[PDB]
Amino acid sequence: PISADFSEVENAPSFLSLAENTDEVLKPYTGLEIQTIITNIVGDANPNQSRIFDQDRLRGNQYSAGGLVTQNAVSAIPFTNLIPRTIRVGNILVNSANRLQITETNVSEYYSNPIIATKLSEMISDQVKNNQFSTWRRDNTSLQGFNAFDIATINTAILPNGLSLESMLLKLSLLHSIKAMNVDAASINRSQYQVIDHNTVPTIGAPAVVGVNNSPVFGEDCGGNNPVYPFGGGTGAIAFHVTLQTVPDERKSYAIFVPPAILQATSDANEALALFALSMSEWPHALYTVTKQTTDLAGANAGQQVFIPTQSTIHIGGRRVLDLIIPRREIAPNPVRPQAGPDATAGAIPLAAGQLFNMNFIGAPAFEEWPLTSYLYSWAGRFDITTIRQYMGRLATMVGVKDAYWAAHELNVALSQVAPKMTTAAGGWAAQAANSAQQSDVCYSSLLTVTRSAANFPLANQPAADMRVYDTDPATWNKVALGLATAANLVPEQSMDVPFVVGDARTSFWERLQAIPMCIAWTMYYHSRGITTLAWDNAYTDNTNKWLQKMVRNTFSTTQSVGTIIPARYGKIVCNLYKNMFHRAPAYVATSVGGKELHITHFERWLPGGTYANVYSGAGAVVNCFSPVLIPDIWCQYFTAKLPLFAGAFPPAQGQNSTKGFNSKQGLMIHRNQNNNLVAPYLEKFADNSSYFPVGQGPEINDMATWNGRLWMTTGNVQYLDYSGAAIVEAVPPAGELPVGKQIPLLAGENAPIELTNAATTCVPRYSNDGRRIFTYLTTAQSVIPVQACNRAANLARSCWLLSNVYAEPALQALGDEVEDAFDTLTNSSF
Amino acid sequence: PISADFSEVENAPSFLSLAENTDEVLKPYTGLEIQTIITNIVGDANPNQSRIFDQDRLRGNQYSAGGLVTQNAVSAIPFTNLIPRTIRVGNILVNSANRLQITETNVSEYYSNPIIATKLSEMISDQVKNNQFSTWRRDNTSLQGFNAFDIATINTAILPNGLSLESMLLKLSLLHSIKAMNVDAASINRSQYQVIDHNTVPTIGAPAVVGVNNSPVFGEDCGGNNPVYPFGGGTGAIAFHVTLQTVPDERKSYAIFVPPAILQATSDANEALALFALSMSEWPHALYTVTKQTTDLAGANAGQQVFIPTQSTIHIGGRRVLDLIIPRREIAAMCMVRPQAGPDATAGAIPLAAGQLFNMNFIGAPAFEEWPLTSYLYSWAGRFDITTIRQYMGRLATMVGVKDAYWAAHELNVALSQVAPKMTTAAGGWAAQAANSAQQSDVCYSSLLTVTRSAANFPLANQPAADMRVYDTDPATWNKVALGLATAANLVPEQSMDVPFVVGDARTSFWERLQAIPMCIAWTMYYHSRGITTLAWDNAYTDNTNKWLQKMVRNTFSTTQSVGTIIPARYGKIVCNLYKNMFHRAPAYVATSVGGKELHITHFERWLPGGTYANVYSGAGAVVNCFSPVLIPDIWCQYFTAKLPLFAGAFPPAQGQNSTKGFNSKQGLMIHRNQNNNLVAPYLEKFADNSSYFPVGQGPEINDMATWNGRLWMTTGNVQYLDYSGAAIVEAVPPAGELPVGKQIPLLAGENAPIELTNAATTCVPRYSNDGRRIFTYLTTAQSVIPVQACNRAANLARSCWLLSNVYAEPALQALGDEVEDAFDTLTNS
Amino acid sequence: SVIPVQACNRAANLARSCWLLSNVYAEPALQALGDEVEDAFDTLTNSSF
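Protein chains in written order, with my numbering: chain A, 1 to 831; chain B, 832 to 1661; chain C, 1662 to 1710.
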């Protein structure tokens, strides 16, 4: 919450009390909490009436330090899943001189929720089979579409993991988030076409065109019609078998049963084989683009920019050769529909390729492999989000897809909503230049720089992994999609129990708002202890200060117990800084060591390797200091139930008292080194007895003093020196300049932020790369009013927002269970 | 009921009160009692013929809006099972330039009434486990003659896969309704040969001739003299083997025992293998035709049209490999001892007509050789008389329970073989399309759901999506049932006098035509309660962004599956309750266990999602998909109904006191009145955020006050379907006040056409656009002063009506006297 | 309209101009310069009204 006076800066919760464990069961963060503040929609659903195109930013009055009120001053929503591979430089479109930002997961099978053979599986073994041991009979007890010698080779030795529908449901959770950009124009913001390319105005009118393999720079049309995989040059292979006898002799264990519940006479019914073959194989199969008509700032040069979404750059899968076994009607003996296959058509795209598809091959003979990047390229303009929604409802009737899609969905939001770093400026609204690394350099919500590609596409290098995600194995999928095994995370449901995000037009708006509390929780994690940006980068193996290696060691997921993931320590600190600070729990998955079942969130599955949230200067130079700051503060304050005390709104100037500090009555002291000219704030009592941290000590979490340090570097002329006033190794901003948010184009009657209002002031540097303590200093002449404001005998004029705090309770309808519809109050006893 | 005055409109039940669950007995609604509502009818110009050939139409007096009585005016009975493959175009027969409509079912296992092992299976259960092998090589069963070795093969099986006779007795009832056109010319309507080809009269005299593979164009001679399957390139295989130790050693698990009761059913005893090969394998085996001598409208050009029945284009089966096993005569590749296990196996009468592997060996039954299956059914294709099927069903009833299993199977061919042309937008009454057009033979179910027309050529390469879910019959449970190793709860045998009386009668095609009408009234009242305009139904899977319109199609149709069991659809129990609360008759069902709970399922609950619905064509032939789905006019909903809802009520006569009024804000409604564009709307319901766009996840409220009031303005004559603000919608609007009106058939002597909105379909008020947007019914500000005063009960309106059984022609000068007015009425029960 | 709608929802503020006066609104006097009968020459001619 933002502050009305100093008596609620002072009576704000601490960090240690707000990072404690919580035993409450909390509702999921739906993204509607930020929505019902920054838009005209407070109540309920609105089809096309609510113009979300214009409602894309934080708006409010501001109050300057000089006593003036700015009327309509805006802060951008700082997250988008769209990297502009065509940049508007000099009011005209040119190709990007920048590589594409790629991520990579760490897909591996772990001990999920345990699995058990059903009464059908004990029925096949006990009866039938066991009874063929006396009758000399080799009859067929065919289950629904498969041979008895196909079920008999699967009702066998079961792996003791249990499956997690996570990788296939992130691919479904991911192509959904791509294919939901072409829904309308007044349902997708214009700010999220302007987050990186800020010299750009997209248009109401023509919607976005979600294309595939048509990006104009650095390869990236990975076979525009001769398609390969983007990660690794190769085309894969798919084969549609009717028996396991046809799978040649080599694979036969990798063979995936397509269950007959996902293909019924309810849809196109042959697109569902492509969503199944796309969920089970590999992401990405192709490099999707989003092309939209844009215009420059005044509006002359209307062209079409090419974007590439971030979730088409996430390398997940490792299954490139699929052998799919198809249900054979009711019951038939083993044999162009040889054995009564319902279908296997190619698609809708003509696809002149290496096997030369013509326009749409209908073919399910015995072996006869196709390519897989080709077979998925043909079904790349057909995957609209309504079809994905009803496919999810057909999945939900046989397995439990409610909680696993929401965990996979905020996994998508965790590694897909990606934000440009910062720019250091004095006032408000600085950005970068065009055709430069600094405009396109970009970070996660975890304050962690996204790796861009090193060489031209399709890639042979395979960069380091970023996140540990699970996967469906084919061998357990073949028996849980067939009634032969069951678990507690796999209990089936109805299509009403599909989450609200699926098949809705408002996903590109909601998913960029779900990523803001992730960066608030990581932002408050990285700012309680200020280790700049250099003592985070080369911190994993520094032989100085064993404390710092323990910090970076524990933050990441590098431990195990039995064959399963032990989640990270200190990512539960971020999770508790999410549940306490937002009163809403993030979605976990299950992992079991043995018996004991414990929970791991995207807060606990990151991996080491990679630099952190850097800040740039006005001329593009690196200012690796402060702390890993991303989005501007007011996001890390206003949209918050309980923000810890060191991060706080400087309260408005009401009477004679505006902004004060914390003095030696709270256990603090002034540093006051060698020279008489520069003095430091009221830091801790340990600050004068250190000067360099001991090899197992770090910055003590004091929010009286971190407040009191950002209270001094808001003055506008500070230097970040030393215990003795000497320089540091770290790059310092050129003046009294702070990291400030990204500037987007304005509208009519709508202003830019004024002075340290769209800034990030909380990033107080306290721990240099060398292990020495960083002190913020002022001249003796220019520190009298800050020292007396700490002593409550003066006041400091600071700028603020003129908003008020509401923070409503959760709705739990979210446009996803509108079961009030009159035709099921009467079909209600039958459920 | 037909409204004699407006006090019978107001005193009509709501849609919610007519769609609750009911728990009564409710006998089935046979066409033997729907024939009298259309025959015993009020009229003095009615000639009252006694034969079925003339008792097809709905005849009656009509009273216009201006107060004029039309004497004998007819509404077409709009449900046939005959696609005309030879159209009367330009006064002479040309063949049709249109493809053939195909349907397809989706078979599934039953699992519901599982097999209980009898006293015999538990008897020789200890002769295998205790290894009591006091048996020999040559010992048969008791008097039926298979082998004693079938215990070590068939009694060994353990299966919980106990099935029903749902699919063999469906396709055994489809054959029945094909060869029930070959009975007499005076026992089938002439309207049935005129529903799609309206430029035609057939001729009493010679009956219709049920041929096979005789259709001239678009392929359809599916092996005209070398028969193949119509729904795939194939021919099948039959091998009549006495034992399991004689088969192709790779299909033992699919062998079908033919018990001797089937061989004792028919007097020929070899027409009953062919009725058992046709019922167990595959439908269709061939593409049946019905050729009948017809003549033109005045009688000049006598010819013979070729029809194809709708029940010979239903893909049911999924078994092409038949290996039937025949009992032995005595206790005792060896073709010298040829009755080793065989009475006989004869291939048809004379109809040989074969190609590859020529088939006219009238006797051939070796130990194991394969035949072309289609040819063996092509040869027994003039021999399946309905009296032969009648006695074949008599011995089926004596070994398994066939009473309730047939009325369910007879009711779900009427659900998908009685197929009806869509509509035509017109002003007055009686419009039709053209002579040869794709929109004339465009044709719909009783479920307001367009029949899939074949795109390829026969035999079909690409097989389309399925329409209705059915069960199957497998050999693995039939073999144990036929041998006394298995008894289920739905298989308790009965008598031959308990066979359904439809089986074997000459009046089936007239009855099935009448049983389809109260199905389409239930679906018609389902699709008209919420006005969810035909593009919203069609594009609910193509392109939808609304969470409500996708919920409406997901629920209505049987989408859900647990494991091998037809799950009944939500909101199709609403249709089933609009049949029980509305006709006071329950439709026939089967038993089905979903989660251990015993529930019943009807053909209202077995449909599958997808498909175009019943839209309307214009007079020029353009698509007019802006209404709710209509398929039959108003009078069929209103004259056949015991208790009918408010929004679909008959308009009472014109020139009377208390004639035709509406529902204003005294009943809670509100008027819209966009008078800046001279364009006002009825007293409609209150909005609550439904004004311009509906919420994402909500649709139109069930209101009968306002849907009555909206069709009260559609009948005025210049109606606009625009918007909250008055702008056009994306959907195709008719040219004027041109409501969809019924199909026109040729008239007879002393017999009139409908006059003005009397054969129309009024109830289809559009309320929900494809855009998620509300549709408003508008009149001009000048031409709506009289309907608004009718809603304010300050005026009456003048609408045309049928003068049927309580509805009297009102004089112009209402010169009323006292009350009471009971002359001979108190002398009767009043 | 985002800041007016959120000012209605009490989550923002609108900058409007005003007068810096204060409210007093005194009670009536009931002399109004029209019955100054306190004048010394009719306290003594007061019994005779």
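Note that beta-carbon positions come from the ideal geometry of N, C-alpha and C, so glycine has one too.
- Item | For A:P28 and A:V94, the rounded distance between their alpha carbons | Walking along the first sequence from the start, residue 94 of chain A turns up at place 94. Walking along the first sequence from the start, residue 28 of chain A turns up at place 28. Between A:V94 and A:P28, the C-alpha separation is close to 42 Å.
- DSSP on A:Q49, reduced to helix/strand/coil? Residue 49 of chain A sits at position 49 when you count from the first residue of the first sequence. A:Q49: coil per DSSP, three-state reduction.
- Please classify B:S1206: is it buried, with 16 or more other beta-carbons within 10 angstroms of its beta-carbon, or exposed? Your numbering for residue 1206 of chain B matches position 375 in the second sequence. Flag for B:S1206 reads buried.
- Message: Can you tell me which residues form a DSSP beta bridge with B:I914?
- Response: Within the second sequence, residue 914 of chain B is the residue found at index 83, counting from 1. According to DSSP, which records beta bridges pairwise, B:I914 is partnered with B:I1139.
- Item | Residues in the stretch 976–994 of chain B having any Cβ partner in chain A nearer than 9 Å | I982, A983, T984, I985, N986, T987, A988, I989, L990, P991 and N992
- Item | For B:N1540 and B:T1491, the rounded distance between their alpha carbons | For the purposes of this step, residue 1491 of chain B is identified with residue 660 of the second sequence, where counting begins at 1. For the purposes of this step, residue 1540 of chain B is identified with residue 709 of the second sequence, where counting begins at 1. Straight-line Cα distance between these residues: approximately 11 Å.
- Message: Quick check on the DSSP output: what are the complete beta strand (DSSP E) runs of length 3 or more inside the stretch 239–303 of chain A, in order along the chain?
- Response: 288–295
- Query: Going by Cα to Cα distance, which pick from B:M1165, B:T1256, B:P1090 and B:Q1551 is closest to B:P1306?
  - Reply: Start at 1 with the first residue of the second sequence, and residue 1306 of chain B comes out as number 475. Checked all of B:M1165, B:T1256, B:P1090 and B:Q1551; the closest Cα to B:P1306 is B:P1090.
- Query: How is B:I947 classed by DSSP in three states: helix, strand or coil?
  - Reply: Residue numbering aside, residue 947 of chain B sits at position 116 when the second sequence is read from its first letter. Looking at B:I947 - three-state DSSP - the assignment turns out to be strand.
- Message: Helix, strand or coil, according to DSSP, for B:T1373 in the structure here?
- Response: Along the second sequence, read from residue 1 onward, the residue named residue 1373 of chain B stands at position 542. DSSP places B:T1373 in helix when its eight states are reduced to three.
- Message: So that I know if they touch, is there some Cβ in chain C lying closer than 8 Å to that of A:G60?
- Response: Against the first sequence, residue 60 of chain A aligns to sequence position 60. Closer than 8 Å to some Cβ of chain C, the Cβ of A:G60 qualifies, so yes.
- Item | Separation of B:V1454 from B:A1297, as counted between CA atoms | For the purposes of this step, residue 1297 of chain B is taken as the residue at position 466 of the second sequence. For the purposes of this step, residue 1454 of chain B is taken as the residue at position 623 of the second sequence. Approximately 25 Å, taken between the alpha carbons.
- Query: Got a sec: is the Cβ-Cβ distance from C:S1662 to anything in chain A below 8 Å?
  - Reply: For the purposes of this step, residue 1662 of chain C is identified with residue 1 of the third sequence, where counting begins at 1. It does: the Cβ of C:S1662 has a partner Cβ on chain A nearer than 8 Å.
- Message: Rounded to whole angstroms, what is the Cα-Cα separation between B:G1063 and A:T451?
- Response: Here residue 1063 of chain B refers to the residue found at position 232 of the second sequence. Here residue 451 of chain A refers to the residue found at position 451 of the first sequence. Approximately 54 Å between the Cα atoms of the pair.
- Query: Are there three or more Cβ pairs, one per stretch, closer than 8 Å when the stretch 513–525 of chain A is compared with the stretch 639–655 of chain A?
  - Reply: yes
- Could you work out which residues of chain B lie near A:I331, taking near to mean beta carbons separated by less than 9 Å? On the first sequence, position 331 is the one that residue 331 of chain A refers to. Within 9 Å Cβ-Cβ: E940, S1084, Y1085, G1149, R1150, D1303, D1305, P1306 and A1307.
- Message: I need the straight-line Cα distance from B:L1094 to B:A1239, nearest angstrom please.
- Response: Indexing the second sequence from 1 puts residue 1094 of chain B at position 263. Indexing the second sequence from 1 puts residue 1239 of chain B at position 408. Approximately 26 Å between the Cα atoms of the pair.
- Please report the residue range of the beta strand (DSSP E) in which A:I92 lies. For the purposes of this step, residue 92 of chain A is identified with residue 92 of the first sequence, where counting begins at 1. Its beta strand (DSSP E) spans residues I92 to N95.
- Cβ pair A:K292, A:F307 closer than 8 Å: Here residue 292 of chain A corresponds to residue number 292 of the first sequence, with the count starting at 1. Here residue 307 of chain A corresponds to residue number 307 of the first sequence, with the count starting at 1. Contact: yes.
- Select from A:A464, A:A653, A:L598 and A:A425 the residue whose C-alpha is nearest the C-alpha of A:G620. Taking the first sequence and counting its residues from 1, one reaches residue 620 of chain A at position 620. Ranking A:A464, A:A653, A:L598 and A:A425 by Cα distance to A:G620 puts A:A425 first.
- Message: Only counting the same chain, and skipping five residues up and downstream in sequence, which positions put a Cβ closer than 7 Å to that of B:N1489?
- Response: Within the second sequence, the letter at position 658 stands for residue 1489 of chain B. These residues qualify, in order along the chain: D836, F837 and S838.
- Answer yes or no: do A:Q417 and A:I196 have a C-beta to C-beta separation smaller than 8 Å? Position 417 of the first sequence holds residue 417 of chain A. Position 196 of the first sequence holds residue 196 of chain A. No, Cβ-Cβ distance for A:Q417 and A:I196 is not below 8 Å.
- Query: For B:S1522 versus B:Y1302, is the C-beta distance shorter than 8 Å?
  - Reply: If you number the second sequence from 1, residue 1522 of chain B lands on position 691. If you number the second sequence from 1, residue 1302 of chain B lands on position 471. Not in contact: B:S1522 and B:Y1302 (Cβ atoms no closer than 8 Å).
- Message: With a threshold of 8 Å, are at least 3 pairs of Cβ atoms found where one atom belongs to the stretch 502–510 of chain A and the other to the stretch 155–164 of chain A?
- Response: no
- Task: Check B:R1630 in the structure and name its three-state DSSP category.
- Result: By 1-based counting over the second sequence, the position of residue 1630 of chain B is 799. The answer is coil: DSSP assigns B:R1630 none of H, G, I, E or B.
- Go through its chain and collect everything with a Cβ distance to A:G341's Cβ below 6 Å, but skip five positions before and after it. On the first sequence, position 341 is the one that residue 341 of chain A refers to. Hits under 6 Å: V242, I326 and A364.
- Tell me whether A:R394 sits in a helix, a strand or coil according to DSSP, three-state version. By one-based count along the first sequence, residue 394 of chain A stands at place 394. Note: A:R394 maps to helix in three-state DSSP.
- Message: Quick check on A:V42 - is its C-beta less than 8 Å from some C-beta in chain C?
- Response: Counted from its first residue, the first sequence places residue 42 of chain A at position 42. Taking Cβ atoms only, chain C reaches closer than 8 Å to A:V42, which makes this a yes.
- Item | residue 788 of chain B and B:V1073 closer than 8 Å at C-beta | Not covered by the structure: residue 788 of chain B. The range shown for chain B is 832 to 1661.
- How is A:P474 classed by DSSP in three states: helix, strand or coil? The count along the first sequence starts at 1 and reaches residue 474 of chain A at position 474. Correct three-state label for A:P474: helix.
- Item | 6 Å CB neighbourhood of B:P1565 in its chain, flanking five on each side removed | Numbered from its first residue, the second sequence carries residue 1565 of chain B at position 734. Result list for B:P1565: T1256 and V1455, in chain order.
- Query: So what does B:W1202 bridge to, in DSSP terms?
  - Reply: Numbered from its first residue, the second sequence carries residue 1202 of chain B at position 371. Partner(s): B:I1069.
- Query: Using a C-beta cutoff of 8 Å, does A:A45 count as contacting chain B?
  - Reply: As a position in the first sequence, residue 45 of chain A is number 45, starting the count at 1. Yes, because at least one Cβ of chain B sits closer than 8 Å to the Cβ of A:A45.
- Taking Cβ positions, are B:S1004 and B:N1590 nearer each other than 8 Å? Start at 1 with the first residue of the second sequence, and residue 1004 of chain B comes out as number 173. Start at 1 with the first residue of the second sequence, and residue 1590 of chain B comes out as number 759. No.
- Among B:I989, B:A876 and B:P1618, nearest to B:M1545 - alpha-carbon criterion: In the second sequence, the residue the question calls residue 1545 of chain B occupies position 714. The residue with the shortest Cα to Cα distance from B:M1545 is B:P1618.
- Query: Checking contacts by CB at 8 Å: is C:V1666 closer than that to chain A?
  - Reply: By 1-based counting over the third sequence, the position of residue 1666 of chain C is 5. At least one chain A Cβ lies under 8 Å of C:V1666.
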